[PDB]
């Protein structure tokens, strides 16, 4: 069986303000059996500590801070890896912005080494202009996650991927995406998860991001029809996941 589990957060162990008890039991089962797992999210607005609290206070789950890996974390790791200058211009929220600040990157508006773009529910043309000019100057253009939409009360709204699309059109340069289903976040996840690519599994509810995160990177996949991809959609999926579940309670560890 799989020796480690990479798990999506929203839509998999909880849905919006709603709880998915089978999702709660799942990590609770992994914990009791001592099976390594990693909560992998494309979210960049929250810091892992904020996520950890949200989980414990609203969704009956208590995980160690190290069990949480976000697109923000994977992003600063990449920046550090690329080791270009220590300057940057960032569009995103407090989770992403503080993580980069904490890593020693100072805000540079003219010629930043990096131009990092995540979702900012309060973005302004001014921010886009600045980023547009900095990218053309030669800054390394990074997209935190490719997500086209953000699920909310009002409905599906512009996601980080859509903000990046605005910038790709204006600069003619495609950003290097970090988040699922792209390689960078997956490789680093494996590295932090501690187990072989060949024996890890990616568990999620979204085909385009989670399931493809596995298929594209040659990592086994498990799709739970809660959240995003609706069960009616599975029969027509271009590529069937290794496993399809209506509930995580049905997966045997």
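Residue numbers count along the first chain shown, from 1.
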Seminar exercise, completed: Averaging the C-alpha temperature factors as deposited, the higher value of 103 to 111 versus 165 to 173 falls on 103 to 111
Seminar exercise, completed: Entry B factor averaged over C-alpha atoms, 221 to 229 against 57 to 65: higher for 57 to 65
Seminar exercise, completed: Per the deposited B-factor column, the C-alpha that peaks among 97, 180, 137, 86 belongs to 86
Exercise. Out of 149, 144, 122, 80, which shows the largest CA B-factor listed in the entry?
Worked result: 122
Seminar exercise, completed: Of the three thirds of the chain ranked by Cα temperature factor, residue 29 occupies the middle
Problem set entry | Third of chain Cα B-factors occupied by residue 253 | highest
For this session: Ordered by C-alpha B-factor within the chain, which third holds residue 70? Give me lowest, middle or highest, please.
Result: middle
Seminar exercise, completed: residue 196: C-alpha B-factor third of its chain, per the entry, is the highest
Problem set entry | Chain thirds of CA B-factor: placement of residue 203 | lowest
